[PDB]
Amino acid sequence: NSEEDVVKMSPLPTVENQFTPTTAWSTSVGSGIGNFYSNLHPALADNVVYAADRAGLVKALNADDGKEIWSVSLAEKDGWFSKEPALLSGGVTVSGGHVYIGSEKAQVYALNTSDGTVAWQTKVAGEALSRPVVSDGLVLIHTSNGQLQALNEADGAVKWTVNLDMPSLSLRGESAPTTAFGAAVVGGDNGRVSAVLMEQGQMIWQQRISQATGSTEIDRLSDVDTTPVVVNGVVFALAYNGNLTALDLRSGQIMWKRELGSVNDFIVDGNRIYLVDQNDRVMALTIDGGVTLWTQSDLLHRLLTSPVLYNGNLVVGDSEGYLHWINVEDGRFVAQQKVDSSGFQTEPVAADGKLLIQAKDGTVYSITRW
Amino acid sequence: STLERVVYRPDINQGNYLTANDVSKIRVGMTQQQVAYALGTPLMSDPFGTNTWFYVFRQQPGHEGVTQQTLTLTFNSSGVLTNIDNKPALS
Amino acid sequence: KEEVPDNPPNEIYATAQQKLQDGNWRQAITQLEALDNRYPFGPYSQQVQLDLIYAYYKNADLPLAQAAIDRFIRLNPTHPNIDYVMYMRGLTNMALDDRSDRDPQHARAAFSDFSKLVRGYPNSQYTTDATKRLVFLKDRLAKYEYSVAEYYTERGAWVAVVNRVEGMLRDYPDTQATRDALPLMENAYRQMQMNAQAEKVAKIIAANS
Amino acid sequence: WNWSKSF
Amino acid sequence: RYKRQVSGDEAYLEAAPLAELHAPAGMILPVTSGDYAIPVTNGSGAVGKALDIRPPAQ
Amino acid sequence: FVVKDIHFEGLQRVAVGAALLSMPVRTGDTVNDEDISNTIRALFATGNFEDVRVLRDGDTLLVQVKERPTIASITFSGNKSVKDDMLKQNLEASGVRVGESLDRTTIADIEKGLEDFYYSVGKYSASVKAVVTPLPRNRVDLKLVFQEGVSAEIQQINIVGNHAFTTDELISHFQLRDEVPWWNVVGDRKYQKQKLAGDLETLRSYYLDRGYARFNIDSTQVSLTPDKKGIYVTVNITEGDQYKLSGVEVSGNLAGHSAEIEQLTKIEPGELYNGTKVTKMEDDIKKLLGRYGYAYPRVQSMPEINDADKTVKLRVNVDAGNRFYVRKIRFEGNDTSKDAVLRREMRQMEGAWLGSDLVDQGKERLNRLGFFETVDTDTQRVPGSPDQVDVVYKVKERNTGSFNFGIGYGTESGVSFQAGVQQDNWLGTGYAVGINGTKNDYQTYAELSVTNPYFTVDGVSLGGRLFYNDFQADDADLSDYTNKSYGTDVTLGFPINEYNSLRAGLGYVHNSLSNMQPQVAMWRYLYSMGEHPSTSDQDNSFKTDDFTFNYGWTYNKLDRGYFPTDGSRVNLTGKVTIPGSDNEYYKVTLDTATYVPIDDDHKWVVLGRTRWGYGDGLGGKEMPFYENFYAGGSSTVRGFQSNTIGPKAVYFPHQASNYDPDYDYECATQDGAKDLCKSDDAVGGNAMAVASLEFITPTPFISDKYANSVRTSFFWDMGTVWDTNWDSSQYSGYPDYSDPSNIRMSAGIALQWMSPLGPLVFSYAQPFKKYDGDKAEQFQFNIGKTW
Amino acid sequence: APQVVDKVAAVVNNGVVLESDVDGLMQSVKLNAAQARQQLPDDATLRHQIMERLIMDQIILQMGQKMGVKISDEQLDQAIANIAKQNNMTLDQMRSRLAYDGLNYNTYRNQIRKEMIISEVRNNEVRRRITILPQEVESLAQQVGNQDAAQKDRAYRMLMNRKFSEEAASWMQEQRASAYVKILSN
Ligand SMILES: [Mg+2]
């Protein structure tokens, strides 16, 4: 009955901590996200943290001590015997006194930061698996049907919809569009990066960054489930099994390409691109031409999470629950910590000098160092 | 024996299906091709020299009994019908 | 696991022949298979293939014997010893047939192969046994048809019985099975109240017995 | 429980 | 397996001869179609364990 | 360049003459570089050369060639979940097999084919590599190294756009599963495209059966996690409003049977649209047309939907077709089973007009036989005949013998052991021989059975059975007595109505009673038989030989064999000793079970079970005490100890076998006994009447995803057993056991589902109406004793 | 001693590239490089580049043959006549080639015929993968205008040309990987 894995998971590296990591506080959310693959991650805005679980529970916690401000449940009960989970799967996004959350029931909620009452709720084409990006008085949603929709903020009514082709087999998760100069750049599950006007949805241009396709499927997956990054009129995209590419913001010309894919987001700081390969191989490419600077292959197949640049050191979790601090100058580990036994799957959050991360069991942690 | 009927036998069917309208669509002088077109290819013939087509319509539903219609067509050396013998029921 | 040392092909062939004489088929099969794999196109190719066919047949490995027979026929359409290959094909089909009520397709295949052999090589030394096996297979097929006719007589389908007995009288007109089936056709004709046909079959029966 | 093996 | 272990062996079985039927006067038996016909092959070969089915030395 | 000789070097298998024919060039002709190139290209196109180096000497045209190496052996490594023989057959079917030439171009093709097979299986990380090892004499061996990963399992099945039915309820009927509780068997969590199509069609039917005529599935998505260890399935649907059925219209060449079809297309104006009912109507029309000779009566329905009033008008098109007659029915592949065994299952008669329904029924009966792994049909046409066909059945025979073992536990029989070897097809004859044996706390049983399923062509079956049975009463909660009996029994079976089945037979049974505790009922029976034992010792003995005529009748109408929701089952069994036997008595039994659903979904059901029994002697004798009726337990009256309802023993004073203080003894002389005495040991009675009314409801707390696999019910059981021969006048002080008015009642809740250990049934009952001596047992369970 | 005349330089699926063919292409490039030696001064890399050139041509030719694309001689007659503005095409060209490579007349036409098959198939598949959105040419033409009906036409041609090159390059890479190639040179 035993069935070994194709590639052995890498062992836990041994590292001497230059600085001792700590845990400022930790609050528990009901059941977290479980073993399901979801984008649900915490959010931070004005010294308060908003988190949610897959069941439907949503909490607003103080960012200094973890005290709960308000808590609401989005699961409808048909009395005192029935309870249907909401199946929240869209990363919590807070902007302008609203809290936008996606749902696997093709529902999008918009709670109030003050008391948590649902400001409005809307029905979308399909499962809302992407982070509800907010910009220019719109809430872009990338459903699992390949449909990109733009809801209103105050009203919540769908304004326009753009249909993106979907392959027979894809990877769970949808790319979150990035907006710049009144144009939303999104990645499709078919391996193409698309740019659409934010006024009507007209497709400015569409470029394909997938490398190739084999005879069989599965090995020809090219889902661009990352979030494209735009800096100085250049768009960076990273397709699964595909090529990291830099595309001209206006025309979509492929300025340069490199053969390495992933689904975890990447950072663009200064003249360096920090990304986590699909094999859990942290790399630091150069902006000009993608020339590699250093590599860290000591965490192979540990199922890392999206990196976050905190205090000049990248931070990545893993399924085992260890949080690894790795330097950016050379890539050597600077510290390692054990936080939660459930494990880390969703991206960390770093802002306002606070590093937040949520485990599979819903325990939201705030990390510091002394 | 009164026990053969009471038992649960399946429907027993044999021979061609005669609808009482095709049998009225035949006349003396028609050829084998015309007869086959009207009634169909018979399940039985006379292999002992003479050419003769036996259209038997036998059916025996469960605990019902046996009913048979025998339509015998006698042709000639040139495949032309010469005689028709119809037996509405079997004695 | 019945390993075969890397000896010269002449020695391996001599060992295979000696073990064939003793009557032990497994060891001969192993030796000949080793010699075939190691020297697929050596001088001992056709001889080894014929020996393999013989050993597979006598070892009850009928599927492999059949496969080897078809392969040899395909690759040597005009081999001088092809009547022997056809005879072995007939023997293999008869063995597969191996009970007259069971599937007769193997019996039909054996009959076809033996008919081909006898019609192609009347002077072959495997022709008299081929005719004997042909007679036996004809009787077997007629017996199968007679068994089906008996079953339909029991069931009560009087048209199937007459049709099948007519088919026997057409295909196997000179068999004890047909002789024993004639009364079934007479009974079916009488049951369906065709007295003329019943009398004809009665005359046929009387004129013979 | 009931095991049944075909021979 | 065991059933064909005998057929693989030499199992000479000889059945009854084949005799043609007689057609009564005034009628003719059905045609034969020659589908299963046994031709007459002269010569006196060997049958039933008297036949050497060993492959020839060629 | 003129050529005077053409020579070849390196040839191994290809004949020189054949290759010379292949070459466009021939000896004795001018030749140029273009001709050399064409010859090389043709030689390579032959497909048996790896490299060609056509050369020209001073006078001779020398050719050096390298033929494709011959495969010497095939080896596999890592095919843990795929058998080596399976890989070998797949490869030969693809084309690569031992003895052929190894095409160095198809390595990638073979690897990708194997990887595609693994992906179809479900292992999406599987990697396959081929290693080629050269060997002397232009021989090569290929080794296939496999890197099978971990199979991917469904993590969630989601339905988007459903507002009338919960996603869990919809998934409840799906073949694909995302939750597999360890305490229940519902299936595995693997993914297959056939399963996906099947459950999508199941969802479509589920929605169409409720009147959602405009139901539509927009699209479905299958997704994998980045690690490729999980599968997510999403289904998008657009359920419309419910529609009514305005009417049915039939058009086409009905062949003069219009009057009979309008009766098959009658509906109540204002009925909810139902695809299942539409299909049933189409099948009924097809059955009628087939009954009237036609072989392929095509029928189509094209509903017209009017959204203004939400009404559906069915447009049925009927085409009778033509009549085809079956000339022969052939069975191929029945190497073991004889022809008659397969042929007697046929509903289609040879030499009669064809019927597709009849052919399908015959195929289904052949499948039900269980002797064949596969059954296929092929209606081949007869050359030179436009209306005659031959039906051919291809059957792949399967092994029928089976060793068997079983273990179960319960409150009544304790640990139960079963073991037997069966042969359902004896030498391909249809006979079913076998020997079986069971043992529990109070009984060990062993029988040898031989049955002929078709004693008559109609379907009558002749049985046969030799059995040996040992019964220990004290272990069964009865008065102490041992009964070791053996005998034989032959029975017939007459199917009469496709649901009813009579059966009559004879039998001989020899009973040897010993170790009997003296008591009033037993001694009454013994005196009735003329025996004159003594009420002082437990070492009595008694032997009898009886010939009985056993008859019975079984009516079965249950829709399902497991968790039935509708129908009724009635069984009547009898017995009577024919003259010449020591005993003279008759015994009758009657078991009933009726299910009456009270909802469309058949989730709420009412179950009514009754059991009756009576028996007595004929020639002034009594029914044997070992043939009595026992009530109480988890099968007759839940909440009571097994075999506790009914009369209680009344022992006479008697010295025990081996007296030893500290052990309870029943009313012995060594403990100060000088008169008869009442006890609490059941003895059973010759008359019995048990009834039960059980209400079945859905499980309230179990998840609706698999709540249909567990049955919950609240029951109210009644029962009573009495001895008709008890002489109340003589034993005035003791309770009158001949009064049937003593009704025992109980109520409670029962649970029942299937577990890997076997069937499970739990019950807690509180008997609220019991009489003196009855021993109560609230909690009762039975794990796997049904095997 | 025996002198090698021709051989198989590499195997492409069921086809082959002959050592004669590589020599033929070697003349074509050097004759082209004779005009400007700076075009291809390399020798070993040029040999490798030519080897890849023929290999891909064989892949394309086999793909074209599979579909069934065929060209008649009448198209060849029109195809050859291309520089007739200042030459007597099919009259002076036939005679002139006799002094360079026209040992057999069919060789030149036979060679060019293949080049037409690969071009036809290459265009058909490469353009099939191309997709053009109107918003691109509208804005592309606006940029050029900064530097009506006729202007947006130019945007399409440049845009179509730009997409064709990208798709063509990708298709070459994909086809090369997906095919079987083996270099012997032994
Ligand atoms: Mg995706």
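Chain F is numbered as in Swiss-Prot, which gives 24-810 for the residues shown.
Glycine is treated like the rest: Cβ placed from N, Cα and C.
What Swiss-Prot says about this protein:
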- F:24-91: domain 'POTRA 1' (DOMAIN)
- F:175-263: domain 'POTRA 3' (DOMAIN)
- F:266-344: domain 'POTRA 4' (DOMAIN)
- F:347-421: domain 'POTRA 5' (DOMAIN)
- F:447-454: topological domain 'Periplasmic' (TOPO_DOM)
- F:476-483: topological domain 'Periplasmic' (TOPO_DOM)
- F:496-504: topological domain 'Extracellular' (TOPO_DOM)
- F:507-522: topological domain 'Periplasmic' (TOPO_DOM)
- F:536-563: topological domain 'Extracellular' (TOPO_DOM)
- F:578-590: topological domain 'Periplasmic' (TOPO_DOM)
- F:601-608: topological domain 'Extracellular' (TOPO_DOM)
- F:620-628: topological domain 'Periplasmic' (TOPO_DOM)
- F:640-708: topological domain 'Extracellular' (TOPO_DOM)
- F:719-732: topological domain 'Periplasmic' (TOPO_DOM)
- F:746-767: topological domain 'Extracellular' (TOPO_DOM)
- F:790-803: topological domain 'Extracellular' (TOPO_DOM)
- F:425-433: transmembrane segment (TRANSMEM)
- F:455-462: transmembrane segment (TRANSMEM)
- F:466-475: transmembrane segment (TRANSMEM)
- F:484-495: transmembrane segment (TRANSMEM)
- F:523-535: transmembrane segment (TRANSMEM)
- F:591-600: transmembrane segment (TRANSMEM)
- F:609-619: transmembrane segment (TRANSMEM)
- F:629-639: transmembrane segment (TRANSMEM)
- F:733-745: transmembrane segment (TRANSMEM)
- F:768-777: transmembrane segment (TRANSMEM)
- F:779-789: transmembrane segment (TRANSMEM)
- F:804-808: transmembrane segment (TRANSMEM)
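When Cβ-Cβ distances below 8 Å are used as the criterion, the topological domain 'Extracellular' (F:536-563) is approached by residues 502-507, 605, 640, 643-649, 670, 672-680, 689, 692, 699, 706, 746, 748-749, 754 of the same chain, each at least six residues removed from its ends. Long-range contacts of the transmembrane segment (F:804-808) within the same chain, counting only residues at least 6 positions beyond its ends with a Cβ under 8 Å from a Cβ of the stretch, are 429-436, 439, 657, 778, 780-786. The topological domain 'Periplasmic' (F:476-483): residue composition by secondary structure is 0 helix, 0 strand, 8 coil, according to DSSP. For the topological domain 'Extracellular' (F:746-767), the list of distant contacts is 543-544, 547, 639, 645, 654-655, 660, 663, 668-671, 673, 699, 701, 706, 708-710, 712, 790, 792-795, 797: same-chain residues at least six beyond its ends, Cβ to Cβ under 8 Å. Here the listed stretches are F:466-475, F:609-619, F:733-745, F:768-777, and the one with the most C-beta pairs under 8 angstroms to the transmembrane segment (F:629-639) is F:609-619. Away from its own ends, the topological domain 'Periplasmic' (F:476-483) comes close to residues 367, 453-455, 515-518 of its chain (Cβ-Cβ under 8 Å, at least six residues beyond either end). Beyond its flanks by at least six residues, the topological domain 'Periplasmic' (F:719-732) meets 189, 191-192, 194-195, 201-202, 204, 207-209, 626-630, 776-777 of its own chain at Cβ-Cβ distances under 8 Å.
Tertiary neighbourhood of the topological domain 'Extracellular' (F:496-504): same-chain residues 464-466, 536-540, 542, 545, 561, 648-649, 653, 664-667, 672, 704-707, 798, selected by CB-CB distance under 8 Å and a gap of 6+ residues from either end. For the topological domain 'Periplasmic' (F:447-454), the residues of the chain that approach it from at least six positions outside its boundaries are 357, 359-361, 364, 393-394, 423-425, 473-477, judged by C-beta separation under 8 angstroms.
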